[PDB]
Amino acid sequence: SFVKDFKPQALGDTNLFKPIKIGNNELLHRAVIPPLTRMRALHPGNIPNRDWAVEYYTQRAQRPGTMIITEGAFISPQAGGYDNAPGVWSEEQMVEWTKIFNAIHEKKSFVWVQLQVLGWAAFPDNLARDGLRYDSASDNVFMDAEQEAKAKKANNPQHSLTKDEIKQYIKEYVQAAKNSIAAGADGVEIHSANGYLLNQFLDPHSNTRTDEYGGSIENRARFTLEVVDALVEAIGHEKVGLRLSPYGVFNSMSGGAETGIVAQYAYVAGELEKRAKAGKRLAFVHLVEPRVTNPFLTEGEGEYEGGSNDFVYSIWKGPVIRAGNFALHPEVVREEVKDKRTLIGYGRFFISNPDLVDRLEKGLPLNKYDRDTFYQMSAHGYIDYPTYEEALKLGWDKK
């Protein structure tokens, strides 16, 4: 059915429908699909779903000139820990990704691979099963008590990465990015948000290190920036973006409660602009808004009102993608896109609306999403959400 207490507003008269160039890609509108883990990848091998993934992405690429960022993809086995999330390290995996990229391109849309490394959000028992470490920035602070317990129970205690192990991850990021581009992707997004490994280094709660990778703003940012620099050199700055969530609390990050948090993220933005002025401007910075500090919470919950991401705009002068509860708030989007370098990511409602861009343009009702099938091993709630046309044929305007 359609979202009941929603008054759509047509956005076709705004900058949301003005073209913009991101990296090498000529976008025809500024509604972006942010990365959305769907847990349909197949085990063993973290293989993109051979049955349904091409169809899922094809459906959501249907509006020409759409930028799609893939679900997080693990750069290596050690970077993983979820059996049903895909990887980008193996030939088996890349074969399936190539089919996905080809399908998206056939619809005249674009695809950026999000490179994911879980750190303390990984399941320690899956990792132990495969002979892998349970990794994070530190070893004396844990995501929650349950994760700490699972780690100890599996004889896989949380491990504070050595400098050599950090370098090994960087090598893996480089190879994963190369794999992605070679298979046909338009670029990659470095995931440094949402409380995953790079975010665990950025955040002073999760990073209690006393070496060069902790203990100061510059040190906490080091790993993220090293990855940025490694990828820029490997595949080019025009093929690289960075995702950050300054106010996020998901996966036990500090958010606005940490008084030093804006400084931490301002420093990263500054270092990116510095590289930009040196002729290596990243394709974009992607920010999760304080509108959504935890994406497991229903829209309107977990909104932090005490901070804004606007500071980034004073520092970074390139494109900014903003994500977080925008689908139900066209009135907010209308104001945000008045800034001529701002794009809008729509997550949960792109899950439920394959033709979301058309609906945004014309102010059409939105399909409700089904949270119960966000992560189920099923075509249901993955590839069977209807377009507006199909919804009308199903009688949803009367349901």
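Sequential numbering from 1, following the sequence displayed.
K.L.:
Per the record, averaged over C-alpha atoms, which has the higher B-factor: 321 to 329 or 229 to 237?
P.N.:
Averaged over C-alpha atoms, the B-factors run higher in 229 to 237.
K.L.:
Between 287 to 295 and 149 to 157, point out the one with the higher average CA B-factor as the PDB entry records it.
P.N.:
Between 149 to 157 and 287 to 295, it is 149 to 157 that shows the higher mean C-alpha B-factor.
K.L.:
For the C-alpha B-factor as written in the entry, point me to the maximum among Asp186, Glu106, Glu189, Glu172.
P.N.:
When the deposited C-alpha B-factors of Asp186, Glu106, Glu189, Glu172 are compared, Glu106 is largest.
K.L.:
Just the C-alpha B-factor column, please: which of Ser245, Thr210, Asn251, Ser254 has the biggest number?
P.N.:
Max CA B-factor in the entry, restricted to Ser245, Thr210, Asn251, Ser254: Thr210.
K.L.:
Mind checking which third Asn194 falls in for C-alpha B-factor across the chain?
P.N.:
Within its chain, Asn194 is a lowest-third residue by C-alpha B-factor, going by the deposited values.
K.L.:
Select lowest, middle or highest to describe the third in which the CA B-factor of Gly345 falls within its chain in this entry.
P.N.:
CA B-factor rank for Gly345: lowest third.
K.L.:
Ranking the modelled residues of this chain by C-alpha B-factor as given in the entry, is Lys99 in the lowest, middle or highest third?
P.N.:
Its C-alpha B-factor belongs to the middle third of this chain's values.
K.L.:
Taking the entry's C-alpha B-factors for this chain, is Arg30 in the lowest, middle or highest third?
P.N.:
Ranked within chain, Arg30 CA B lands in the lowest tercile.
K.L.:
When the modelled residues of the chain are sorted by Cα temperature factor, does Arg222 land in the lowest, middle or highest third?
P.N.:
It belongs to the middle third of the chain when residues are ordered by C-alpha B-factor.
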